[PDB]
Amino acid sequence: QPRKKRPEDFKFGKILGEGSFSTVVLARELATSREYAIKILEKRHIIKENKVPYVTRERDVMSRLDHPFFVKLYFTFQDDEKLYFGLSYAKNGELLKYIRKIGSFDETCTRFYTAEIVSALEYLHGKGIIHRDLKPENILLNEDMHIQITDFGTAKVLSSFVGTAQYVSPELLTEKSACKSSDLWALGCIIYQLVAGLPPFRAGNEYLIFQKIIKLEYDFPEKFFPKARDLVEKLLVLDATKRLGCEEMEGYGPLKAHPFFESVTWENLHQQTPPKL
Ligand SMILES: O=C1NCCc2ccccc21
């Protein structure tokens, strides 16, 4: 292994994001001229907030990921005060940014980007990992406009936490429990959001949002692509064992065979050129 890196190896630049117990800063490695997104965490603060398990899980999950649709962990190091995670830099920022920029996606772009997420979730779920906080804020875009999923501090490794209100699955509200199917619920909310321009469940506060979620209280705009609508109806299902893509429904095959995805070639999405937004 190369010698441990250290802060003085980098020219630090702008802050890219100010996460839960961390700050992500753009950094250029002097020796190589490579750009990394370095996640910086203060040890004392992590210890004080009882987040050692949190940070340990984050690093352990990220070390296991080796797929182009996920953030990559290249290196770690620490000094007296801080932990540093050297992560891939997603040049084009958040999916959410593009949703707001152009309002909503046409069918071709919805299909292409939904497929990348599904394909990413298939990989993740095959390793026994649940994300638990999947959302357009955490789905980044690379320079090449392919997705790069991030934010694994709150992930669960199969064999205690509630995500972002608008994407929380009903089972989390009624049991405290999460499963792979919880990510598929999030996927349904995201597809709806790509097409409609807004998340399905919206209200004045978390309480009222949680209320709508458990009553499955939402509806589709008039223009909603019919096959995407059918797909979302098969994902936004209160019973977690009946969502398209979960094990009880025989996995990712039937999800990927959905009519909405008819024209998708699943084997080499990362080699395809994304539709212009
Ligand atoms: O580009 C990024 N890569 C790592 C994850 C991240 C978080 C917040 C802002 C940017 C990034």
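Residues numbered from 1 in each chain as written, not as in the entry; some residues may be left out. Heavy atoms only, no water. Residues with missing side-chain atoms left out of burial classes, pairs and counts.

- Method information in the entry identifies X-ray crystallography as the source of the structure, with 1.9803 Å recorded as the resolution.

## Notes on the packing of helix α6 (residues 180-196) against helix α8 (residues 226-235)
Part 1 of the reasoning: Two elements in contact, α6 and α8, have axes separated by 8 Å at closest approach and are oriented at 150°. In this view, α6 runs roughly antiparallel relative to α8, as classed from their interaxial angle. Crossing geometry of α6 relative to α8 is assigned as left-handed. Facing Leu-184, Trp-185, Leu-187, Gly-188, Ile-191, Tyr-192 and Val-195 of α6, the residues of α8 in contact are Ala-228, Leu-231, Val-232 and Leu-235.
Part 2 of the reasoning: Split by residue class, the contact of α6 with α8 holds 10 nonpolar, one polar and no charged. (Axes fitted to C-alpha atoms, helices over the stretch in contact; angles between N-to-C directions. Helix = DSSP H or I, 4+ residues; strand = E, 2+ residues; numbered from the N terminus. Parallel < 35°, antiparallel > 145°, perpendicular 65-115°, else oblique. Left-handed = near helix turned anticlockwise from the far one by under 90°. Contact = heavy atoms within 4.5 Å. Nonpolar A, V, L, I, M, F, W, Y, C, P; charged D, E, K, R; others polar.)

## Remarks on the sheet that holds strand β3 (residues 35-42)
Neighbouring strands of a sheet are bound in pairs by backbone hydrogen bonds; such pairs are parallel or else antiparallel.
Part 1 of the reasoning: Overall, antiparallel pairing links the five strands, which are arranged β1-β2-β3-β5-β4 in an open sheet. Each having just a single partner strand, β1 (10-17) and β4 (73-78) make up the two edges of the open sheet. Neighbour-to-neighbour, the strand axes of the sheet open up by a mean angle of 30°, direction not taken into account.
Part 2 of the reasoning: Pairing between strand β2 (residues 23-29) and β3: six bridges, direction antiparallel. (Pairing = 2+ DSSP bridges.)

## Some words on unusual backbone geometry
Part 1 of the reasoning: One non-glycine residue, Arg-132, lies in the positive phi region at around 85°.
Part 2 of the reasoning: Residue class for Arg-132 comes out buried when judged on its relative accessible area of 10%.
Part 3 of the reasoning: The phi dihedral of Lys-176 falls on the positive side, at around 75°, and the residue is not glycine.
Part 4 of the reasoning: Relative to the elements of secondary structure, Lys-176 occurs in the loop between α5 (170-174) and α6. (Buried < 20%, exposed > 50% of the residue type's maximum accessible area, 1.4 Å probe, protein only.)

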